[PDB]
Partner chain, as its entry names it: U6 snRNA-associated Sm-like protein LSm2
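Quick heads-up: it's one chain on its own, the form solved without its partner chain, in structure tokens.
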């Protein structure tokens, strides 16, 4: 659990003159110690400015705090540790942006100093944010107003940040190594009570899940998932791998997680030579590793005016600082190509191209 604690390195400066931007907060405080990052924000009535400064070390911060109550051309500033001012927020809509979060707070009259979103490099689905406000009391006010708020059909979660209090995820059985997947069952074997009787001896079973539609399209091979109450039981159930059940040699293994599956689907595309498949897709690059496929979807629909039905899938390729958009057909993909190349996304200009173009652009970013 021990990693870092920003309240030892990060200070809050209150009452800076309206002229003070990032650049010149930097210049004022950089003698205090080396600085990693500065953010600046207007007060509610635009009468003064707040700054948030992350120092490289706690002693840079303590040095900054020695300037509390000093005068910066006209104004008596206050410099303190930024402590108890961090919120954590999740279950906002998939396409919600840093700006949207900032307007959310602004509509309740709360200044936001910093809003930090996670890298999607290793998991495309991550969706949460940390948000620093200017007082403990604002933080409490945000929870009271925003926790439980319905936004575009999503019930928001907003809390005072405390990672030690985090909750169990609804899919944590799989992360703990407690869920097995059973493969190559026949339709005759794809029956809950049948699997239950055959696996109960390994340990107590918590859940059995059978993906729908396997009998109904009568598959040759069917699959199922089973969650045990503890790890050891599931590990014992792996002895059933390569064993006889009815007329089948079945397979049994610990279920994989979505990020692992999704990454391998991307790799398959990145190695395809099936030009049929490749004619249907285009890449956008370069993109921040914070940008999700939902945000890209929303861009495509709201700003480029594409219909949702024309878009089959959107996948991240953060190792080349891009994304892949698979369209309904190649003719549509070819028009979109010209339209998207040079378009604006998140206030910067993006490009579109084939996979190879995305690589060339990335390799050349390396040089």
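Numbering follows the first chain given and starts at 1. Under this definition, the rigid core comprises the largest set of C-alpha atoms superposing within 1.5 Å between the forms.
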Using the B-factors recorded in the PDB entry, average over the C-alpha atoms of 213 to 221 and of 177 to 185, then report which stretch comes out higher. 213 to 221
Selected stretch [higher average CA B-factor]: 12 to 20 or 353 to 361: 12 to 20
Return the residue from 289, 103, 132, 191 that has the highest Cα B-factor in the entry. 191
By the entry's C-alpha temperature factors, tell me which of 110, 283, 72, 297 sits highest. 72
Against its chain's modelled residues, does residue 138's Cα B factor rank lowest, middle or highest third? middle
Looking at the temperature factor on the CA atom of residue 32, which third of the chain's modelled residues does it land in? highest
In terms of the CA temperature factor given in the entry, to which third of its chain does residue 314 belong: lowest, middle or highest? lowest
Would you check the entry's CA temperature factor for residue 323 and let me know if it's in the chain's lowest, middle or highest third? lowest
Among the chain's modelled residues, which third holds the C-alpha B-factor of residue 232? highest
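Below, we turn to the form deposited with its partner chain bound, even though it does not appear here.
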Of the candidate stretches 64 to 72, 334 to 342, 31 to 39, 308 to 316, the one with residues having heavy atoms within 4.5 Å of its partner chain in the entry with it bound is 334 to 342
Decide if the three candidate residues 145, 150 and 158 all line its partner chain in the entry with it bound, where lining means a heavy atom within 4.5 Å. no
Here the chain is shown alone; which of 24, 351, 14, 359 has a heavy atom within 4.5 Å of its partner chain in the entry with it bound? 351
Just one of 274, 125, 106, 119 has a CA that shifts 2 Å or more between the shown form and the other one on a core fit; which is it? 274
